[PDB]
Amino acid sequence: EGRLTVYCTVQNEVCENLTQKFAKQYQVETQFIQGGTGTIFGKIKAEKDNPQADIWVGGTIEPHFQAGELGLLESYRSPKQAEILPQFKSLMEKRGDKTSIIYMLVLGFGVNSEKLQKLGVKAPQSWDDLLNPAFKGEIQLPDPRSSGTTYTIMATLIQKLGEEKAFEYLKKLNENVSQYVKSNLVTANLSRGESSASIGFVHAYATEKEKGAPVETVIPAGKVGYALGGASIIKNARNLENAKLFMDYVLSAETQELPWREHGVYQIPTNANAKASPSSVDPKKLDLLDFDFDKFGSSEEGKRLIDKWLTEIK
């Protein structure tokens, strides 16, 4: 007899499972709208004066942080925050009044081994390998209007190279890009062989390969970029009590195992008590950047960089 609307940036089948299970557990009529991180961020900004959802589940965390700075989020600290991996303690001190961490993702390349043979080039192992002229028209990555992935790409390259060389690299990469599309289409196009290599979070490439696509994952040489999955309650939510229960729910260990146990999707749990699938990469074995989520969570910085992508890249 209660209600709840979830803006959902995790996979559609996971959104469906999460909301259906919650609805039965609490007798709450639960609806969701699925969208990329940038898509949902845009909706929340546009709907500020009359919100159409109560909680935003999933998506890269810097747009969540930015929404918080813009006054778009409710303050609420779930008791389940205590179970977040301790490496995120300091970040949750600064941002956790309005955004919680519910998973993590590693940024890498997906490559279609069949397309690779057809182009006659070896699988790329470095960022600069993607600039090979043999890759003209064969690279895809997501459009930053819809996709938090592409903001993570920008932030990764800026931390690796400095901003000037980051945008120099992206301009050279743009010459090999066929089109920028929604992240899930990037993944689908790679599996089908419309593209030869893509940049994105690597859990999707593990799922694609397990489901029979000729796709391999590459962790690019050098420092590794990554993302956190955010969850935030929307300011002036219609259904605040149910939004808090849903927040507690997605912060719980069992809920963070449901993606791999029930859907073969491999976002890495951030609840210290949850078990990860062996198909997820282990970030502890990678050369992670000391990723400055707090800096790129600035609303000023996020808008400046998205506008700069749109003006300088295309």
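Position 1 is the first residue in the sequence shown; the rest follow in order.
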query: Average Cα temperature factor in the PDB entry - higher stretch of 113 to 121, 216 to 224; finding: 113 to 121
query: Higher-B stretch (mean Cα B-factor, as the entry records it), 190 to 198 or 76 to 84; finding: 190 to 198
query: Residue with maximal Cα B-factor (values as given in the PDB entry) among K244, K182, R95, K172; finding: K182
query: Peak C-alpha temperature factor (PDB record), options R238, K165, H203, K235; finding: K165
query: Third assignment of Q25 from its chain's C-alpha B-factors; finding: highest
query: Chain-wide C-alpha B factor ranking for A155, given as lowest, middle or highest third; finding: lowest
query: Ranked against its chain, the third holding the CA B-factor of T9; finding: lowest
query: CA B-factor ranking of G229, expressed as a third of its chain; finding: lowest
query: Chain-relative CA temperature factor third for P283; finding: highest
